[PDB]
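Here we start with a single chain on its own, the form deposited in one PDB entry, put down as structure tokens.
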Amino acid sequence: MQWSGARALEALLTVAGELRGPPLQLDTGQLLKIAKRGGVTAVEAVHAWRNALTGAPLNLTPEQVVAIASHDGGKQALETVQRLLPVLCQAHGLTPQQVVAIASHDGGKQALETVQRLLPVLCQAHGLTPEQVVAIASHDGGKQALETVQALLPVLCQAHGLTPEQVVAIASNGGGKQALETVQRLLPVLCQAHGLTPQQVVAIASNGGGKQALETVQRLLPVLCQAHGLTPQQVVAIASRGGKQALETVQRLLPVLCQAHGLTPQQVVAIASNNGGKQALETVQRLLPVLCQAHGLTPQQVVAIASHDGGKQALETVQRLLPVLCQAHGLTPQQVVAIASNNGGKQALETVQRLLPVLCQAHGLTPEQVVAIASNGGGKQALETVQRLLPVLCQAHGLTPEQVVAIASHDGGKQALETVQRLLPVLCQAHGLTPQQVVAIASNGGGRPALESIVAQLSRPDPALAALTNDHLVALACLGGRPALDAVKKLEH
């Protein structure tokens, strides 16, 4: 809409169609995405030098270009990337993905320029890996983090005996500069006076809005312990996972949730020690009545649902969809809670709703199964992936459905499934594995990296060679995936 001058919105839609055109092929959603967080000059600039970016020394993918553009100061980044990508890759040995990853943030120009300028001095003089330097820089106001890290790292490590690991941890977030400065200032105070281990202080600062969480603790720490009878351990739990808002909100709503709604302080901390703790608490304060109602649920279960990232979303979604699932799709509430009691509950429930019938009719599954898939983190993703990949896995690669469901019924189901599709061939023919084995490996959390690891060891029998036969390596990877396999290589080093 955005009126100022006119006649020249023609020049704006001139470009919109041309980007659906060939070097890039942008769909609607992508142009949305650009224009929305990038603005119009972003869109203009993409067009401007679409060819320059797709070939030439840069050879970026469309989705990479979008990623960079879709941020405040996208134009600036795109310009800046053209300039600096090759020099950063050549003169400091970064990958493109790394350069892009630095750029794909607000004030990308600044990060890139600041990386160029300071990558060496940090890597050389302060002995940092470039991995780490990229980590610090790959955020909003990286320039500031980078700059601050230079300034304070000697001070933090000598005067307050902090590992560089820890400094990186703190700086590798939004508002690093703030977190760092705040830690310097408040470390003595918090450790000596309020009796915290520096590990705890870093724990707190090593999230976004750490500055805020730190300040808020120094203030509210005694209060919460003396008055509301909380342990400092509990307070740091909250301060590390939900930070400022959660702390404040806890003080504000603790008495209420115990007097009126009868929860144990134990449980209140559970709920608040997460992202959007503030949000969850306020949500359970409402709703908890109307949830222990419609027959509905016990407090145990409402707590369960709220005690995750985006608890609010879960509770709101549960409240809304509990009827339609229970009556129209025949699920006990026990199951609905199971689904809701993970990260992205909302997302699972909604996905279940719309895919239950499909999987059960079209793909021949019991509801019990679908719930199992859905009763994990990233339920949505597993469900959706099962839908795509069940046929192809059963026919092209020759698995039973019960096997596919097993693979899917774990955190990261999506990945497991996708990874099986990629590797099951090479594994079974080229290295002589037997599908039932491959499935067993994949039917755990970390199924993907399990597989990826197991392969890498066979394709190039790594430093610790011979020694373990394949049936062993399988046994091991079923027992602890990549962690185990790595733990064996590190038993030879």
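Under this definition, the rigid core comprises the largest set of C-alpha atoms superposing within 1.5 Å between the forms. Numbering starts at 1 and follows the sequence shown.
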- Item | Per the entry, higher mean C-alpha B factor between 393-401 and 163-171 | 393-401
- Message: So, looking at the entry's B-factor column for Cα atoms, which has the higher mean, 342-350 or 187-195?
- Response: 187-195
- Item | Member of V438, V66, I454, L53 with the greatest C-alpha B factor (per the PDB record) | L53
- Item | Selection by C-alpha B-factor (highest) of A328, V134, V420, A239 | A328
- Message: Ranking every modelled residue in this chain by its Cα temperature factor as given in the entry, which third contains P425?
- Response: highest
- Query: Among the modelled residues of its chain, does the C-alpha B-factor of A477 lie in the lowest, middle or highest third?
  - Reply: lowest
- Query: Which third of the chain does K33 land in by C-alpha B-factor: lowest, middle or highest?
  - Reply: middle
- Query: Among the modelled residues of its chain, does the C-alpha B-factor of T61 lie in the lowest, middle or highest third?
  - Reply: middle
- Task: Give the position of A467 by CA B-factor within its chain, expressed as the lowest, middle or highest third.
- Result: highest
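The form deposited in another entry is left out here; the points below concern that form.
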- Message: If I align on the rigid core, exactly one of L187, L322, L393, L221 should have its C-alpha move by 2 Å or more between this form and the one not shown; which residue is that?
- Response: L393
- Task: Using a superposition on the rigid core, decide whether the Cα position of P62 changes by 2 angstroms or more between this form and the one not shown.
- Result: no
- Item | Exceeds or equals 2 Å, Cα of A52 between this form and the one not shown, core fit | no
- Message: So, superposing on the core, is the move of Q361 at the CA at least 2 angstroms between this form and the one not shown?
- Response: yes
